[PDB]
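One structure is given below, encoded as structure tokens.
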Amino acid sequence: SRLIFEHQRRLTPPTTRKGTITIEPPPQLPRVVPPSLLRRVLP
Amino acid sequence: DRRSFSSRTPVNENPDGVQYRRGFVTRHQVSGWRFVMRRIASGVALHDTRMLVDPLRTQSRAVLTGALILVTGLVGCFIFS
């Protein structure tokens with residue numbers, strides 16, 4: 001009545017590298033001193 | 001060393017923790033705006049934004065230098081009279 005099936009192996013789609021991607025925190029608002037025209041008027 | 005105090009800011013958890021409404025552009029904000037608009041404006045003319053060497057600002061500051069030397073010579077010969 002019906003045909004027969006054989007347990008051929010399942011194929012593997014590339015799975016996930018289920019790791020822990022880590023990200024470095026940004027810099028820390030470096031303090032900038034006033035421009036100071038006296039030492040800024042040379043040109 | 002000199003024991004510096006890196007800028008810090010916690011929370012409030014009270015009544016005076018949402019009352020200020022003071023709009024005043026700090027120096028950092030205007031620097032940041034300048035930089036962002038000079039990294040976008042260098043992303044539609046150079047088509048790369050690693051920002052290692054910016055020639056656009058170079059051009060603009062060159063024309064500005066022309067203008068400044070212009071006005072300098074103008075007055076330095078206005079003193080001639």
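If you're wondering about the labels, chains in the structure tokens are A, B, ... by order shown, residues count from 1 in each chain, ligands from 1 in order shown.
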Using only C-alpha atoms, select each residue of chain A with any atom at most 10 Å away from an atom of chain B, and give the selection as a list in words.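 The contacting residues on chain A are residues 28, 29, 30, 31, 32, 34 and 43 of chain A.
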DSSP on the backbone: which residues in chain B end up as alpha helix (DSSP H)? Give the answer as a VMD selection string. chain B and resid 27 to 40 55 to 78
